């Protein structure tokens, strides 16, 4: 491009997708292939996607890094004229923890561009061959998380949310299935209501488990699923 526009002062926040390297958007892949600096969280974002960055890119893992340092590193590379990008699992809007870095960067005059991606809810619906909305059955899909030690807001408890009897998709809840069950049975759900668990959707080790509220905790333990699972609950998951 011919003329300087201060385009290094930008962060691209790219929705990698659920894990298969080909479920990134075409646009996210173009940016990932041009970036000079690639930030991401190990074993959640596939290594085969991150290896698509160009020879010479600086690839940084952010897990063991505090907020101000990560941000300070991003700005240093930006101010050296580098194209900097941060790759997030699924779509960043769902528990991507992007707001804190955005607020600090915009105060330093950085532009943000978020590139939307395939969220794991939808990757799991697809793998399960389910549409989450069924005319005359349910027209609402509730994205949430079960409460473990970190409480959820007062008006968002799983039981209250489950009184709507629609489709419920649980993030960050694979080791909270006893709590999920209790919450569903206290809302009045049948213990036979369908629950589909998709562990690592789209990865080579994906597992699809079909079960019900009553066997949820046993199907989790029996199948060894203790992380990275998307739980789809409702009559739209009836096979």
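Residue numbers count along the first chain shown, from 1.
So which stretch wins on mean C-alpha B-factor, 217 to 225 or 19 to 27?
-> Taking the mean B-factor of the alpha carbons in each, 217 to 225 is higher.
Tell me which of 90 to 98 and 106 to 114 has the higher mean C-alpha B-factor in the deposited entry.
-> According to the PDB entry, the answer is 106 to 114.
Between 201, 32, 63, 172, where does the Cα B-factor run highest in the record?
-> Answer, based on the entry's C-alpha B-factors: 63.
44, 176, 38, 196, ranked by C-alpha B-factor: the highest one | Across 44, 176, 38, 196, the entry lists the biggest C-alpha B-factor for 44.
B-factor third for the C-alpha atom of residue 131 within its chain = Lowest third - that is where residue 131 ends up once the chain's C-alpha B-factors are sorted.
Please rank the C-alpha B-factors of the chain's modelled residues and tell me whether residue 237 sits in the lowest, middle or highest third.
-> Middle third - that is where residue 237 ends up once the chain's C-alpha B-factors are sorted.
Mind checking which third residue 124 falls in for C-alpha B-factor across the chain?
-> Lowest third.
Chain thirds of CA B-factor: placement of residue 145 | Tercile = lowest for this residue's CA B-factor.
C-alpha B factor of residue 161, ranked within the chain: lowest, middle or highest third?
-> Tercile = middle for this residue's CA B-factor.
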